[PDB]
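K.L.:
Sending over a structure as structure tokens; questions will come in a sec.
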Amino acid sequence: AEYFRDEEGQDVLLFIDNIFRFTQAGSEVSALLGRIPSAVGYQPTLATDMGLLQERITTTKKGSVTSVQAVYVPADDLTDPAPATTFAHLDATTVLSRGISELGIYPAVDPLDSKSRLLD
Amino acid sequence: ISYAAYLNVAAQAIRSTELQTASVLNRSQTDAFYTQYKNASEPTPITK
Amino acid sequence: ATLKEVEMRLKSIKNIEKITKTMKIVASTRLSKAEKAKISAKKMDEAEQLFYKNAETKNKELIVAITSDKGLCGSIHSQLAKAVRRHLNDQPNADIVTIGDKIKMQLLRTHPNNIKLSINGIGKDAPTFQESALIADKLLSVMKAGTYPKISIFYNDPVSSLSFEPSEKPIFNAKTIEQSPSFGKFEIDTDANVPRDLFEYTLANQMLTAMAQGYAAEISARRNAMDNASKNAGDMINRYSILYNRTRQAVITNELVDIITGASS
Amino acid sequence: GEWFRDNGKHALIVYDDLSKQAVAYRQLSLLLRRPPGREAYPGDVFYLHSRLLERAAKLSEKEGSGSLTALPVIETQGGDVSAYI
């Protein structure tokens, strides 16, 4: 993505499915690596790793990359630390909820839990 | 004065040897109000 | 928290459950007295109907409607409203007299044009001759009842002790009494103004009966409704109980994990 | 902020968000392998937040007049105010 964004200087797109898997993978290796694990098992480097990833996706004064990142909310609890720290770094989110799926509404986007910075 | 109203006043007077019951007293005492209306527009809920 | 927020919400549901139980029971108590009255009232009415039948009948319209001031007496309020609205199509310009706040609200909303008289202080009381008489007197003077060549009253016939079917009947104008097929088999006296008296007398006697029939249906409906409420509340008790139980297990596990992690160090 | 306050100028410091400060100290502490407190936040997390916050004051007339005012911002995870942070 960076090569297109920077060096080719063209607008791009990026899709990530799921960035929960990025988090998840890190927690798995973490224990083995030797780190004392943080609450809800996540690696203590969770904040830094999420940080590095989400600041390498940012849209420079060069290229403009619309990015779409998909978080597999673990056990569907949004309060869990992995979705929670993701929520901070996304300009708009469109949380899709299992309940609304049950109501039969496809797409299952929660209508009281969607936001965009550009909603204004 | 309507015939049944005429009979009504007589009935009320009639709740006065003596032998008195609650159902009688209730049959002669009411707190109901009647709200005139027009149009929407509402002339007051004058006591019935 | 999950745990406390579950627990307090479940408590809310419990309090709701308790209230709906309580109301349903108290309603049953109230219903017995109501029902007793309605029998006696109906017996008086039947004697009057005996005349109207044998005489035959052969009658704009007036609309009178009966519900309680009190709410949460099931769908009495809106089922009756629906059947009034249906007959408000039939005669558009008819003047609706609403006896009871609940029927007042639905009809007033659907056409605020027709509301000319409305009553209050109906639902609390059990119908008595006094109420009917005064209402009747006001129908005659205020609404000039004879002017409408049809008169109809709506009420709720209490079909079964667990059902209510909204019902209406036509009150026969003073003109009707005059021209009814038979009226001469009964010995009319020109000296008395028996049509002009009997009209008035049956205006109230019929109306009181309508109020009695309605009142029994109303109290019956509230009992029915509050029973169904208890059931609905019960379902919510169960749903939040499961939530409580799940949340409870989760709290133990999550707390345990924190202790273990610490111990491991 | 204290330079403004000390100079006698009144000022206001928004500390947005302390919740992420806690996460930062959490990372730091857990890889120094300090004993981990509840919610994986060591005990001196209270000390950390308190010392940070208590440096906001309205200095006496004697000692100038400058007041640093603070507005901390804590974003509650699900509205759980019983959470340690």
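Chains: A, B, ... in order of the structure tokens. Residues: from 1 per chain. Ligands: from 1, in order shown.
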Please identify all residues of chain A having at least one atom at most 8 Å from any atom of chain D, considering only C-alpha atoms, and return them as a ChimeraX atom specification.

P.N.:
/A:35-39,44-45,47,79,84

K.L.:
Name all residues at most 9 Å from residue 115 of chain A (count only C-alpha atoms; drop same-chain ones fewer than 4 positions away) and give them as a list in words.

P.N.:
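Listed by chain and then number, they are residues 91, 92, 93, 94, 95 and 119 of chain A.
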
K.L.:
Contacts of residue 73 of chain A at 12 Å or less, counting only C-alpha atoms, minus same-chain residues fewer than 3 places along, as an MDAnalysis selection string?

P.N.:
chainID A and resid 18:21 23:24 70 76:87 95:98

K.L.:
Filtering to N, CA, C and O atoms, could you give me those residues as a CSV table (one decimal), in the first residue's frame?

P.N.:
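Printed below is again-v2.csv as written:
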```csv
chain,number,residue,atom,x,y,z
A,18,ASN,N,-9.3,-9.7,8.8
A,18,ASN,CA,-9.9,-8.9,9.8
A,18,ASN,C,-8.7,-8.4,10.5
A,18,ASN,O,-7.7,-9.0,10.4
A,19,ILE,N,-8.8,-7.2,11.2
A,19,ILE,CA,-7.7,-6.6,11.8
A,19,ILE,C,-7.8,-7.1,13.2
A,19,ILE,O,-6.8,-7.0,14.0
A,20,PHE,N,-8.9,-7.9,13.6
A,20,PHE,CA,-8.9,-8.6,14.8
A,20,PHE,C,-7.9,-9.7,14.7
A,20,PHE,O,-7.2,-10.0,15.6
A,21,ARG,N,-7.7,-10.3,13.5
A,21,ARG,CA,-6.8,-11.3,13.3
A,21,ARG,C,-5.4,-10.8,13.5
A,21,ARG,O,-4.6,-11.6,14.0
A,23,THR,N,-4.6,-8.5,15.8
A,23,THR,CA,-4.5,-8.5,17.2
A,23,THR,C,-4.4,-9.8,17.8
A,23,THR,O,-3.5,-10.1,18.7
A,24,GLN,N,-5.2,-10.8,17.2
A,24,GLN,CA,-5.3,-12.1,17.7
A,24,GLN,C,-4.0,-12.9,17.6
A,24,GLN,O,-3.6,-13.5,18.5
A,70,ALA,N,-11.8,-4.5,9.1
A,70,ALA,CA,-13.0,-5.3,9.6
A,70,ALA,C,-12.5,-5.9,10.9
A,70,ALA,O,-11.6,-6.7,10.9
A,76,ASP,N,-18.5,-11.0,20.6
A,76,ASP,CA,-19.5,-9.9,20.3
A,76,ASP,C,-19.6,-8.9,21.4
A,76,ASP,O,-20.5,-8.2,21.5
A,77,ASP,N,-18.6,-8.9,22.3
A,77,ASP,CA,-18.6,-7.9,23.4
A,77,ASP,C,-17.6,-6.8,22.9
A,77,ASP,O,-16.4,-7.0,22.8
A,78,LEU,N,-18.2,-5.6,22.8
A,78,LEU,CA,-17.5,-4.5,22.2
A,78,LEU,C,-16.6,-3.9,23.3
A,78,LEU,O,-15.6,-3.2,23.0
A,79,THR,N,-16.8,-4.2,24.5
A,79,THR,CA,-16.0,-3.7,25.6
A,79,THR,C,-14.7,-4.4,25.8
A,79,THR,O,-13.9,-3.9,26.5
A,80,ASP,N,-14.5,-5.6,25.1
A,80,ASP,CA,-13.3,-6.3,25.1
A,80,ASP,C,-12.2,-5.5,24.6
A,80,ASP,O,-12.4,-4.7,23.7
A,81,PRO,N,-10.9,-5.6,25.1
A,81,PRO,CA,-9.9,-4.6,24.8
A,81,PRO,C,-9.5,-4.5,23.4
A,81,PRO,O,-9.1,-3.4,23.0
A,82,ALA,N,-9.6,-5.6,22.7
A,82,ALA,CA,-9.2,-5.6,21.3
A,82,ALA,C,-10.1,-4.7,20.4
A,82,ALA,O,-9.6,-3.9,19.7
A,83,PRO,N,-11.5,-4.8,20.4
A,83,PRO,CA,-12.2,-3.9,19.6
A,83,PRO,C,-12.1,-2.5,20.1
A,83,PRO,O,-12.1,-1.5,19.3
A,84,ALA,N,-12.0,-2.3,21.4
A,84,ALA,CA,-12.0,-1.0,22.0
A,84,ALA,C,-10.9,-0.1,21.6
A,84,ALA,O,-11.1,1.0,21.2
A,85,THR,N,-9.7,-0.7,21.5
A,85,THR,CA,-8.6,0.1,21.1
A,85,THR,C,-8.6,0.4,19.6
A,85,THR,O,-7.9,1.3,19.1
A,86,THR,N,-9.3,-0.5,18.8
A,86,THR,CA,-9.5,-0.2,17.4
A,86,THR,C,-10.4,0.9,17.2
A,86,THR,O,-10.2,1.7,16.3
A,87,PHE,N,-11.5,1.1,18.0
A,87,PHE,CA,-12.5,2.1,17.8
A,87,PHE,C,-11.9,3.5,17.8
A,87,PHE,O,-12.4,4.3,17.0
A,95,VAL,N,-20.7,-0.3,13.1
A,95,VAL,CA,-20.8,-1.5,13.9
A,95,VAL,C,-22.0,-2.3,13.5
A,95,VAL,O,-23.1,-1.7,13.4
A,96,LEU,N,-21.9,-3.6,13.3
A,96,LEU,CA,-23.0,-4.4,12.8
A,96,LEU,C,-23.2,-5.3,13.9
A,96,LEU,O,-22.2,-5.8,14.5
A,97,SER,N,-24.5,-5.5,14.3
A,97,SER,CA,-24.8,-6.2,15.6
A,97,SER,C,-25.6,-7.4,15.3
A,97,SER,O,-26.5,-7.4,14.4
A,98,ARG,N,-25.4,-8.4,16.1
A,98,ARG,CA,-26.0,-9.7,16.0
A,98,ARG,C,-27.4,-9.6,16.2
A,98,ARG,O,-28.2,-10.3,15.6
```

K.L.:
So that I can check the surroundings of segment 49-60 of chain A, please list as a PDB file with N, CA and C atoms, in the first residue's frame every protein, DNA and RNA residue that reaches within 10 Å of it, counting only C-alpha atoms and ignoring chain neighbours fewer than 6 positions away.

P.N.:
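Output (part.pdb):
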```pdb
ATOM      1  N   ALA A   1       0.808  -1.178   0.000  1.00  0.00           N
ATOM      2  CA  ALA A   1       0.000   0.000   0.000  1.00  0.00           C
ATOM      3  C   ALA A   1       0.839   1.224   0.000  1.00  0.00           C
ATOM      4  N   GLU A   2       1.934   1.228   0.782  1.00  0.00           N
ATOM      5  CA  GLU A   2       2.803   2.368   0.865  1.00  0.00           C
ATOM      6  C   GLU A   2       3.453   2.693  -0.439  1.00  0.00           C
ATOM      7  N   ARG A   5       0.934   4.466  -2.486  1.00  0.00           N
ATOM      8  CA  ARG A   5       0.567   5.692  -1.829  1.00  0.00           C
ATOM      9  C   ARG A   5       1.607   6.731  -2.009  1.00  0.00           C
ATOM     10  N   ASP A   6       2.873   6.321  -1.902  1.00  0.00           N
ATOM     11  CA  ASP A   6       3.957   7.246  -1.836  1.00  0.00           C
ATOM     12  C   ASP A   6       4.503   7.318  -3.217  1.00  0.00           C
ATOM     13  N   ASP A  11      -4.044   7.591  -5.924  1.00  0.00           N
ATOM     14  CA  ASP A  11      -4.994   7.263  -4.884  1.00  0.00           C
ATOM     15  C   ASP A  11      -5.194   5.775  -4.901  1.00  0.00           C
ATOM     16  N   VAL A  12      -5.515   5.149  -3.746  1.00  0.00           N
ATOM     17  CA  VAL A  12      -5.451   3.708  -3.648  1.00  0.00           C
ATOM     18  C   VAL A  12      -6.671   3.338  -2.838  1.00  0.00           C
ATOM     19  N   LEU A  14      -7.557   0.061   0.355  1.00  0.00           N
ATOM     20  CA  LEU A  14      -6.937  -0.965   1.124  1.00  0.00           C
ATOM     21  C   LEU A  14      -8.066  -1.562   1.861  1.00  0.00           C
ATOM     22  N   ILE A  19      -8.822  -7.210  11.158  1.00  0.00           N
ATOM     23  CA  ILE A  19      -7.681  -6.645  11.817  1.00  0.00           C
ATOM     24  C   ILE A  19      -7.770  -7.116  13.234  1.00  0.00           C
ATOM     25  N   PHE A  22      -5.097  -9.534  13.214  1.00  0.00           N
ATOM     26  CA  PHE A  22      -3.807  -8.956  13.514  1.00  0.00           C
ATOM     27  C   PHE A  22      -3.563  -8.933  14.991  1.00  0.00           C
ATOM     28  N   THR A  23      -4.583  -8.522  15.764  1.00  0.00           N
ATOM     29  CA  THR A  23      -4.509  -8.460  17.198  1.00  0.00           C
ATOM     30  C   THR A  23      -4.362  -9.838  17.773  1.00  0.00           C
ATOM     31  N   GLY A  26      -1.066 -11.605  17.488  1.00  0.00           N
ATOM     32  CA  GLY A  26      -0.111 -11.053  18.402  1.00  0.00           C
ATOM     33  C   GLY A  26      -0.231 -11.601  19.783  1.00  0.00           C
ATOM     34  N   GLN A  43      -1.518  -9.066  24.563  1.00  0.00           N
ATOM     35  CA  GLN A  43      -0.110  -8.815  24.690  1.00  0.00           C
ATOM     36  C   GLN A  43       0.075  -7.457  25.308  1.00  0.00           C
ATOM     37  N   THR A  66      -8.319   5.144   0.787  1.00  0.00           N
ATOM     38  CA  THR A  66      -9.488   4.903   1.598  1.00  0.00           C
ATOM     39  C   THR A  66      -9.274   3.504   2.098  1.00  0.00           C
ATOM     40  N   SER A  67      -9.387   3.254   3.414  1.00  0.00           N
ATOM     41  CA  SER A  67      -9.039   1.968   3.954  1.00  0.00           C
ATOM     42  C   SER A  67     -10.276   1.483   4.620  1.00  0.00           C
ATOM     43  N   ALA A  82      -9.582  -5.619  22.651  1.00  0.00           N
ATOM     44  CA  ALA A  82      -9.218  -5.564  21.264  1.00  0.00           C
ATOM     45  C   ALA A  82     -10.131  -4.738  20.404  1.00  0.00           C
ATOM     46  N   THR A  85      -9.668  -0.674  21.475  1.00  0.00           N
ATOM     47  CA  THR A  85      -8.565   0.149  21.056  1.00  0.00           C
ATOM     48  C   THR A  85      -8.582   0.378  19.576  1.00  0.00           C
ATOM     49  N   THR A  86      -9.311  -0.461  18.813  1.00  0.00           N
ATOM     50  CA  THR A  86      -9.497  -0.230  17.407  1.00  0.00           C
ATOM     51  C   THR A  86     -10.413   0.931  17.168  1.00  0.00           C
ATOM     52  N   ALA A  88     -10.825   3.715  18.543  1.00  0.00           N
ATOM     53  CA  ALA A  88     -10.118   4.957  18.571  1.00  0.00           C
ATOM     54  C   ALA A  88      -9.522   5.381  17.258  1.00  0.00           C
ATOM     55  N   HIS A  89      -9.021   4.430  16.452  1.00  0.00           N
ATOM     56  CA  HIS A  89      -8.245   4.774  15.293  1.00  0.00           C
ATOM     57  C   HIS A  89      -8.969   4.676  13.984  1.00  0.00           C
ATOM     58  N   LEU A  90     -10.318   4.728  13.939  1.00  0.00           N
ATOM     59  CA  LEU A  90     -11.032   4.644  12.678  1.00  0.00           C
ATOM     60  C   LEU A  90     -11.931   5.836  12.607  1.00  0.00           C
TER      61      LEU A  90
END
```

K.L.:
For a quick test of understanding: name the residues of chain C lying within 9 Å of chain B when counting only C-alpha atoms, and present them as a JSON list (two decimals) with N, CA, C and O atoms, in the first residue's frame.

P.N.:
```json
[["chain", "number", "residue", "atom", "x", "y", "z"],
["C", 99, "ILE", "N", -68.83, 9.25, 26.65],
["C", 99, "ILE", "CA", -69.03, 9.02, 28.04],
["C", 99, "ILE", "C", -67.83, 8.22, 28.41],
["C", 99, "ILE", "O", -67.78, 7.03, 28.12],
["C", 108, "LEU", "N", -61.80, 11.77, 19.50],
["C", 108, "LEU", "CA", -61.49, 13.19, 19.46],
["C", 108, "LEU", "C", -60.36, 13.44, 18.52],
["C", 108, "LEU", "O", -60.31, 14.45, 17.83],
["C", 111, "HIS", "N", -61.82, 12.50, 14.67],
["C", 111, "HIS", "CA", -62.54, 13.63, 14.15],
["C", 111, "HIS", "C", -62.81, 14.56, 15.30],
["C", 111, "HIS", "O", -63.69, 14.25, 16.10],
["C", 112, "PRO", "N", -62.17, 15.72, 15.44],
["C", 112, "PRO", "CA", -62.39, 16.61, 16.56],
["C", 112, "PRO", "C", -63.59, 17.47, 16.28],
["C", 112, "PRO", "O", -63.94, 18.27, 17.14],
["C", 113, "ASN", "N", -64.17, 17.36, 15.07],
["C", 113, "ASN", "CA", -65.34, 18.06, 14.62],
["C", 113, "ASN", "C", -66.59, 17.74, 15.40],
["C", 113, "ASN", "O", -67.43, 18.61, 15.61],
["C", 114, "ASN", "N", -66.77, 16.45, 15.75],
["C", 114, "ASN", "CA", -68.03, 15.93, 16.24],
["C", 114, "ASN", "C", -68.25, 16.11, 17.72],
["C", 114, "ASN", "O", -69.39, 16.01, 18.18],
["C", 115, "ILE", "N", -67.17, 16.31, 18.50],
["C", 115, "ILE", "CA", -67.24, 16.36, 19.94],
["C", 115, "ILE", "C", -67.98, 17.61, 20.38],
["C", 115, "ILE", "O", -67.53, 18.73, 20.15],
["C", 116, "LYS", "N", -69.14, 17.39, 21.02],
["C", 116, "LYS", "CA", -70.09, 18.39, 21.40],
["C", 116, "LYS", "C", -70.33, 18.25, 22.87],
["C", 116, "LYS", "O", -70.60, 19.21, 23.58],
["C", 117, "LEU", "N", -70.43, 17.00, 23.34],
["C", 117, "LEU", "CA", -70.58, 16.73, 24.74],
["C", 117, "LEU", "C", -69.65, 15.60, 25.03],
["C", 117, "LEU", "O", -69.45, 14.72, 24.19],
["C", 118, "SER", "N", -69.09, 15.56, 26.24],
["C", 118, "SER", "CA", -68.23, 14.50, 26.65],
["C", 118, "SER", "C", -68.44, 14.54, 28.12],
["C", 118, "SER", "O", -68.88, 15.55, 28.64],
["C", 119, "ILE", "N", -68.10, 13.47, 28.87],
["C", 119, "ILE", "CA", -68.49, 13.40, 30.25],
["C", 119, "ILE", "C", -67.17, 13.19, 30.92],
["C", 119, "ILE", "O", -66.12, 13.25, 30.28],
["C", 120, "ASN", "N", -67.17, 13.01, 32.25],
["C", 120, "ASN", "CA", -66.00, 12.77, 33.03],
["C", 120, "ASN", "C", -66.56, 12.21, 34.31],
["C", 120, "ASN", "O", -67.73, 12.38, 34.63],
["C", 121, "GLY", "N", -65.73, 11.45, 35.06],
["C", 121, "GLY", "CA", -66.10, 10.94, 36.36],
["C", 121, "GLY", "C", -67.00, 9.76, 36.18],
["C", 121, "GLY", "O", -67.96, 9.58, 36.92],
["C", 122, "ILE", "N", -66.71, 8.96, 35.13],
["C", 122, "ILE", "CA", -67.51, 7.83, 34.75],
["C", 122, "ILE", "C", -66.88, 6.61, 35.33],
["C", 122, "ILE", "O", -67.53, 5.89, 36.08],
["C", 125, "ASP", "N", -66.66, 5.31, 39.21],
["C", 125, "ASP", "CA", -67.91, 4.95, 39.80],
["C", 125, "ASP", "C", -68.43, 3.77, 39.06],
["C", 125, "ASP", "O", -68.13, 3.58, 37.88],
["C", 127, "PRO", "N", -71.90, 2.58, 37.48],
["C", 127, "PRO", "CA", -73.10, 3.28, 37.04],
["C", 127, "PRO", "C", -74.27, 3.18, 37.98],
["C", 127, "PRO", "O", -74.54, 2.10, 38.50],
["C", 128, "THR", "N", -75.00, 4.31, 38.16],
["C", 128, "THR", "CA", -76.11, 4.41, 39.06],
["C", 128, "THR", "C", -77.10, 5.21, 38.28],
["C", 128, "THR", "O", -76.73, 5.92, 37.35],
["C", 129, "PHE", "N", -78.40, 5.17, 38.69],
["C", 129, "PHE", "CA", -79.49, 5.78, 37.98],
["C", 129, "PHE", "C", -79.25, 7.26, 37.90],
["C", 129, "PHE", "O", -79.59, 7.89, 36.90],
["C", 130, "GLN", "N", -78.63, 7.84, 38.96],
["C", 130, "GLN", "CA", -78.40, 9.25, 39.12],
["C", 130, "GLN", "C", -77.58, 9.78, 37.99],
["C", 130, "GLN", "O", -77.99, 10.75, 37.34],
["C", 131, "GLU", "N", -76.50, 9.05, 37.63],
["C", 131, "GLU", "CA", -75.62, 9.46, 36.57],
["C", 131, "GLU", "C", -76.36, 9.46, 35.28],
["C", 131, "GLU", "O", -76.34, 10.44, 34.54],
["C", 133, "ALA", "N", -79.54, 9.56, 34.61],
["C", 133, "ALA", "CA", -80.62, 10.50, 34.55],
["C", 133, "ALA", "C", -80.14, 11.86, 34.18],
["C", 133, "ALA", "O", -80.70, 12.51, 33.30],
["C", 134, "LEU", "N", -79.05, 12.31, 34.82],
["C", 134, "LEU", "CA", -78.50, 13.61, 34.56],
["C", 134, "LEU", "C", -77.92, 13.68, 33.19],
["C", 134, "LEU", "O", -78.14, 14.66, 32.48],
["C", 135, "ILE", "N", -77.24, 12.59, 32.73],
["C", 135, "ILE", "CA", -76.66, 12.55, 31.40],
["C", 135, "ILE", "C", -77.76, 12.62, 30.38],
["C", 135, "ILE", "O", -77.63, 13.30, 29.37],
["C", 136, "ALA", "N", -78.88, 11.93, 30.65],
["C", 136, "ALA", "CA", -80.03, 11.87, 29.78],
["C", 136, "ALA", "C", -80.62, 13.22, 29.64],
["C", 136, "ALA", "O", -80.93, 13.65, 28.54],
["C", 137, "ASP", "N", -80.72, 13.96, 30.77],
["C", 137, "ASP", "CA", -81.31, 15.26, 30.82],
["C", 137, "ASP", "C", -80.47, 16.17, 29.96],
["C", 137, "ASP", "O", -80.99, 16.93, 29.16],
["C", 138, "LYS", "N", -79.13, 16.07, 30.10],
["C", 138, "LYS", "CA", -78.25, 16.83, 29.26],
["C", 138, "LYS", "C", -78.28, 16.42, 27.82],
["C", 138, "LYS", "O", -78.14, 17.27, 26.96],
["C", 140, "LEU", "N", -80.99, 15.44, 26.19],
["C", 140, "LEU", "CA", -82.19, 16.03, 25.69],
["C", 140, "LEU", "C", -82.08, 17.51, 25.50],
["C", 140, "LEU", "O", -82.47, 18.02, 24.46],
["C", 141, "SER", "N", -81.59, 18.24, 26.51],
["C", 141, "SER", "CA", -81.48, 19.67, 26.38],
["C", 141, "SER", "C", -80.39, 20.13, 25.46],
["C", 141, "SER", "O", -80.62, 20.96, 24.58],
["C", 142, "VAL", "N", -79.15, 19.65, 25.71],
["C", 142, "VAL", "CA", -77.98, 20.06, 24.98],
["C", 142, "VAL", "C", -77.99, 19.53, 23.59],
["C", 142, "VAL", "O", -77.71, 20.27, 22.65],
["C", 196, "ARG", "N", -93.64, 11.10, 24.53],
["C", 196, "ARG", "CA", -92.72, 12.12, 24.95],
["C", 196, "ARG", "C", -92.17, 11.82, 26.32],
["C", 196, "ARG", "O", -91.22, 12.45, 26.75],
["C", 197, "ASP", "N", -92.81, 10.90, 27.07],
["C", 197, "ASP", "CA", -92.41, 10.56, 28.40],
["C", 197, "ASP", "C", -91.60, 9.32, 28.30],
["C", 197, "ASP", "O", -90.52, 9.26, 28.86],
["C", 198, "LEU", "N", -92.11, 8.31, 27.57],
["C", 198, "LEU", "CA", -91.50, 7.02, 27.42],
["C", 198, "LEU", "C", -90.19, 7.12, 26.72],
["C", 198, "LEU", "O", -89.27, 6.38, 27.04],
["C", 199, "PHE", "N", -90.04, 8.10, 25.79],
["C", 199, "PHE", "CA", -88.83, 8.34, 25.06],
["C", 199, "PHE", "C", -87.78, 8.70, 26.06],
["C", 199, "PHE", "O", -86.77, 8.02, 26.16],
["C", 200, "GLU", "N", -88.13, 9.65, 26.94],
["C", 200, "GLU", "CA", -87.25, 10.14, 27.96],
["C", 200, "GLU", "C", -86.91, 9.04, 28.93],
["C", 200, "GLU", "O", -85.76, 8.85, 29.31],
["C", 201, "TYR", "N", -87.93, 8.28, 29.38],
["C", 201, "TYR", "CA", -87.78, 7.21, 30.31],
["C", 201, "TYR", "C", -86.90, 6.10, 29.79],
["C", 201, "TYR", "O", -86.15, 5.51, 30.56],
["C", 202, "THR", "N", -86.92, 5.82, 28.47],
["C", 202, "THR", "CA", -86.17, 4.72, 27.95],
["C", 202, "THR", "C", -84.84, 5.25, 27.51],
["C", 202, "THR", "O", -83.93, 4.48, 27.28],
["C", 203, "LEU", "N", -84.67, 6.58, 27.44],
["C", 203, "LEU", "CA", -83.41, 7.19, 27.10],
["C", 203, "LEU", "C", -82.44, 6.91, 28.19],
["C", 203, "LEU", "O", -81.26, 6.68, 27.96],
["C", 204, "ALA", "N", -82.95, 6.93, 29.43],
["C", 204, "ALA", "CA", -82.14, 6.84, 30.59],
["C", 204, "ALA", "C", -82.08, 5.40, 30.91],
["C", 204, "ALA", "O", -81.00, 4.89, 31.14],
["C", 205, "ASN", "N", -83.22, 4.68, 30.88],
["C", 205, "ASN", "CA", -83.24, 3.30, 31.30],
["C", 205, "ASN", "C", -82.35, 2.46, 30.42],
["C", 205, "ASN", "O", -81.59, 1.63, 30.92]]
```

K.L.:
List the spatial neighbours of residue 81 of chain D as a list in words - criterion: any atom at most 12 Å away, only C-alpha atoms, same-chain residues fewer than 3 positions off excluded.

P.N.:
residues 1, 2, 4 and 5 of chain C; 74, 75, 76, 77, 78, 84 and 85 of chain D

K.L.:
Please write the residues from the selection above to a file, keeping C-alpha atoms, as a compact mmCIF listing (two decimals), in the first residue's frame.

P.N.:
```
# COMPACT_ATOMS: atom_id res chain seq x y z
CA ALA C 1 -20.98 -3.01 35.03
CA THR C 2 -22.73 -5.95 33.51
CA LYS C 4 -25.14 -4.77 38.70
CA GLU C 5 -26.87 -3.42 35.58
CA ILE D 74 -11.76 9.41 31.04
CA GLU D 75 -13.59 7.36 28.47
CA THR D 76 -15.44 4.58 30.21
CA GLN D 77 -15.15 1.22 28.55
CA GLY D 78 -18.81 0.44 28.72
CA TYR D 84 -10.06 0.27 38.26
CA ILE D 85 -9.02 3.18 36.06
```

K.L.:
How would you write, as a count of residues only, the set of residues in segment 31-79 of chain D that DSSP gives as alpha helix (DSSP H)?

P.N.:
9

K.L.:
Of the candidates C:54, C:91, C:59, C:254, which one gets nearest to chain D if we count only C-alpha atoms?

P.N.:
C:254

K.L.:
Do a neighbour search on residue 13 of chain D at 12 Å with only C-alpha atoms, toss out local chain neighbours closer than 3 positions, and write the hits as a PyMOL selection string.

P.N.:
chain D and resi 1-2+4-5+10+16-17+52-53+55-57+67-73

K.L.:
Find the nearest atom pair between each residue of chain C and chain A for residues within 8 Å, count only C-alpha atoms, give distances in Å to one decimal, sort rows by chain and ascending number, and present the table as CSV.

P.N.:
```
residue,atom,partner,partner_atom,distance
C:258,CA,A:39,CA,7.1
C:261,CA,A:37,CA,7.5
C:265,CA,A:36,CA,7.6
```

K.L.:
Could you jot down the atom CA of residue 33 of chain C to atom CA of residue 214 of chain C separation for me, Å, one decimal place?

P.N.:
14.0 Å

K.L.:
Would you mind reading off the distance between atom CA of residue 58 of chain C and atom CA of residue 183 of chain C, one decimal, in Å?

P.N.:
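Between these atoms lies a distance of 11.6 Å.
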
K.L.:
Given only C-alpha atoms as the basis, pick out the residue of A:46, A:109, A:68, A:103 nearest to residue 25 of chain A.

P.N.:
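Using only C-alpha atoms, the shortest distance to residue 25 of chain A belongs to A:46.
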
K.L.:
Name all residues at most 9 Å from residue 60 of chain C (count only C-alpha atoms; drop same-chain ones fewer than 6 positions away) and give them as a short mmCIF file (atom, residue, chain, number, x, y, z; two decimals) with C-alpha atoms, in the first residue's frame.

P.N.:
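Resulting contents of result_5.cif:
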```cif
data_model
loop_
_atom_site.label_atom_id
_atom_site.label_comp_id
_atom_site.auth_asym_id
_atom_site.auth_seq_id
_atom_site.Cartn_x
_atom_site.Cartn_y
_atom_site.Cartn_z
CA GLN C 91 -73.15 9.19 9.01
CA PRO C 92 -70.37 11.80 8.69
CA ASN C 93 -71.80 14.82 10.46
CA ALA C 94 -73.14 13.00 13.55
CA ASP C 95 -72.39 14.49 16.95
CA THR C 147 -83.68 16.13 16.30
CA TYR C 148 -81.42 13.24 15.27
CA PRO C 149 -83.82 10.76 13.54
CA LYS C 150 -81.47 8.02 14.64
CA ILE C 151 -79.88 7.56 18.04
#
```

K.L.:
If I take atom CA of residue 22 of chain D and atom CA of residue 54 of chain D, how far is one from the other in Å, to one decimal?

P.N.:
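These atoms are spaced 16.5 Å apart.
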
K.L.:
List every residue of chain A that DSSP, applied to the backbone of this structure, assigns to strand (DSSP E), and report them as a ChimeraX atom specification.

P.N.:
/A:12-17,65-70,92-96,109-116
